[PDB]
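A.B. asks: The structure that follows is given in the form of structure tokens.
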Amino acid sequence: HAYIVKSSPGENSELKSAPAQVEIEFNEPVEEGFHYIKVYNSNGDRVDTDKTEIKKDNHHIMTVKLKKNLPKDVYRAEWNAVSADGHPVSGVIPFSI
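Structure, rendered in structure tokens:
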């Protein structure tokens with residue numbers, strides 16, 4: 001199974017300014033089909049603003065752009081990807097502004 005190595009925002013992090021994106025780095029590459037990061041505010045509204053992209057030169061990295069000037073709130077980045085080894089993986093990265 002692929003595992004998160006690191007993310008920006010980090011899990012349960014408290015940000016100092018509004019982020020432009022959510023970025024996730026996996027220990028092994030992840031595949032194109034069905035990947036996503038969907039980001040929600042605490043009202044359940046979507047705050048990502050673009051389709052999720054696997055980095056063109058690095059299939060370990062997945063990013064999604066965010067709406068500008070997000071307010072102070074608690075957020076949930078819900079992610080899904082298919083591992084290089086075939087296993088579907090998913091999770092949530094909570095963070096706050």
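With the first letter of the sequence shown counted as 1, position 3 gets the number 3 in the working numbering; the numbers rise by one all the way through. Even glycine gets a Cβ: it sits at the ideal position worked out from N, Cα and C.
Any idea what DSSP makes of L15, helix, strand or coil?
C.D. replies: Against the sequence shown, residue 15 aligns to sequence position 15. Here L15 sits in coil by DSSP.
A.B. asks: Can the beta-carbon of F26 be found closer than 9 Å to that of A81?
C.D. replies: Position 26 of the sequence shown, counted from the start, is the residue given in the question as residue 26. Position 81 of the sequence shown, counted from the start, is the residue given in the question as residue 81. Contact flag set, yes.
A.B. asks: Count the other C-beta atoms from every protein chain shown that fall within 10 angstroms of the C-beta of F95, then say buried if there are 16 or more, exposed otherwise.
C.D. replies: As a position in the sequence shown, residue 95 is number 95, starting the count at 1. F95 comes out buried.
A.B. asks: Below 8 Å on the Cβ atoms is my contact criterion, and I expect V89 with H1 to pass it. Report the Cβ-Cβ distance as a whole number of Å.
C.D. replies: Stepping through the sequence shown from its first residue, residue 89 is reached at position 89. Stepping through the sequence shown from its first residue, residue 1 is reached at position 1. Correct: roughly 6 Å between the Cβ atoms.
A.B. asks: With respect to the beta strand (DSSP E) encompassing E25, which residues constitute its N-terminal and C-terminal limits?
C.D. replies: Taking the sequence shown and counting its residues from 1, one reaches residue 25 at position 25. Run containing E25: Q21 to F26, per the beta strand (DSSP E) assignment.
A.B. asks: Do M62 and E14 count as a contact pair if the criterion is CB distance below 9 Å?
C.D. replies: Within the sequence shown, numbered from 1, the residue matching residue 14 stands at position 14. Within the sequence shown, numbered from 1, the residue matching residue 62 stands at position 62. Their beta carbons are not under 9 Å apart, which means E14 does not touch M62 by this criterion.
A.B. asks: Where do the N-terminal and C-terminal ends of the beta strand (DSSP E) with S8 fall, by residue?
C.D. replies: Translated into the one-based positions of the sequence shown, residue 8 becomes position 8. Segment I4 to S8, the beta strand (DSSP E) holding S8.
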